[PDB]
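Only one chain is shown below, in structure tokens, and it's the form deposited in one PDB entry.
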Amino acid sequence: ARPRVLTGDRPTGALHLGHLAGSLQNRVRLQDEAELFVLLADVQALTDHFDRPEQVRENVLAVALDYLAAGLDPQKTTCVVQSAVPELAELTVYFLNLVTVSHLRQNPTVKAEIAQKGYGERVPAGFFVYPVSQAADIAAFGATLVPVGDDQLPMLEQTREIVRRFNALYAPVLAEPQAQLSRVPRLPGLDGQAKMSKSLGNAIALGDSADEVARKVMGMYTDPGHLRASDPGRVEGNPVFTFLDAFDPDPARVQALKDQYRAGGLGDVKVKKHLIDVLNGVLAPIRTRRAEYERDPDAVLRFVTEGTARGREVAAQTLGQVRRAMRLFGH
């Protein structure tokens, strides 16, 4: 390994294909090419589900299982439960002094999320402030590399900004994380939307059966105006093609259906039927891996408790350097 990479998810439900193409398979590969930390963002989940704590609790082990089923080896990845690392909240408080309300107010991702949630000015303080909580996560674990979807760059950049101001004001003991950009943008939902999410109900979960995956693909949005096979169709806006573009290994094969489709002799069903097995092929192992851990629940809890202990040790080391850099009384 080499760089410390920090990635994570708000435990609110089971992971889906979006996480897969979006990042899971990426960390699966940088897992032996670096020191991977996966944060089950328990606390950040509550800025949104503070009134559904049961929901979050249940999903920590659920997402950890998704992690294991996806190919993350317990011997190479450190899984950490955020709430069991209070050092993160402590650094979040110190970090809140390094940024202004106005600056937090212009974060494009949080702004859209607020508008989507319908909060108005009645935004929960913890949610409005979550980007700095993420900044604390990154710096506390000493992460130098952070995979970021095109959508999470503002947060990465604000972390670098907070980290830089911290090093200048106190002592340079924090590392500025760099971003790792990806190719496949936010995998769209079955809906045809831009975001795939169990909330939106347009998702294919990693634990869905072979039947459900097929069903999901069959109901997947395709292309209006294209009423019957024969007719010519267009790829743009069609989620089946952007799906194949992230789950199908043979592009020469992909670019192929793209030709016929634009012509008239490739029924939407054919594209779908094909895609459903390209998905079944990428999921086949995942299902069997899941089964293994489902039978070995003790192991899942192991992965989580051992990873958390390990991550806390790193967080505590960093906070020690932080508290002395800040000249807090006693250090």
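Residues carry their position along the shown sequence, with the first being 1.
Give the stretch, out of 17-25 and 318-326, with the larger mean C-alpha temperature factor in the deposited entry.
It is 17-25 that shows the higher mean C-alpha B-factor.
Quick one: higher average CA temperature factor, 187-195 or 86-94?
Averaging CA B-factors over each stretch, the winner is 187-195.
Top residue by Cα temperature factor, when 133, 230, 78, 107 are compared in the entry:
Checking the PDB record, the top C-alpha B-factor among 133, 230, 78, 107 is at 230.
So if I compare the CA B-factors in the entry for 31, 44, 305, 59, which one is the largest?
The C-alpha B-factor peaks, among 31, 44, 305, 59, at 31.
Determine, from the deposited record, the chain-internal third of the Cα B-factor for residue 293: lowest, middle or highest.
Highest third of the chain for residue 293's C-alpha B-factor.
Sorting by Cα B-factor within the chain, modelled residues only, which third would residue 226 end up in: lowest, middle or highest?
As the PDB entry reports it, the C-alpha B-factor of residue 226 lands in the highest third of its chain.
For the chain shown, is the CA B-factor of residue 238 in the lowest, middle or highest third of its modelled residues?
Tercile = highest for this residue's CA B-factor.
Hey, what third does residue 63 fall into on Cα B-factor, ranked over its chain?
Tercile = lowest for this residue's CA B-factor.
For residue 253, the third of its chain into which the C-alpha B factor falls
According to the entry, residue 253 has a C-alpha B-factor in the chain's highest third.
Just so you know, the form solved in complex with a small molecule exists too; it's not on screen, but the next bit is about it.
I need to confirm a contact call. Of 85, 217, 163, 196, which residue comes within 4.5 Å of the small molecule in the entry with it bound, counting heavy atoms only?
Filtering the options by heavy-atom distance leaves 196.
With the small molecule left out of view, which of 206, 190, 72, 187 would have a heavy atom within 4.5 Å of it in the entry with it bound?
Only one option qualifies, and that one is 187.
Heavy atom distance at most 4.5 Å to the small molecule in the entry with it bound, all of 258, 272 and 274:
Spot residues vs the small molecule: no contact at all.
Answer yes if any heavy atom of residue 318 is within 4.5 Å of a heavy atom of the small molecule in the entry with it bound; otherwise answer no.
Outside the cut-off, so no.
If we define contact as a non-hydrogen atom of the residue within 4.5 angstroms of the partner, is residue 242 a contact of the small molecule in the entry with it bound?
Flag for residue 242 set to no.
Is residue 107 one of the residues lying within 4.5 Å of the small molecule in the entry with it bound, judged by heavy atom distances?
No - in the entry with it bound, heavy atoms of residue 107 and the small molecule never come within 4.5 Å of each other.
Close approach of residue 311 to the small molecule in the entry with it bound, 4.5 Å, heavy atom
Residue-level check for residue 311: no, no contact with the small molecule.
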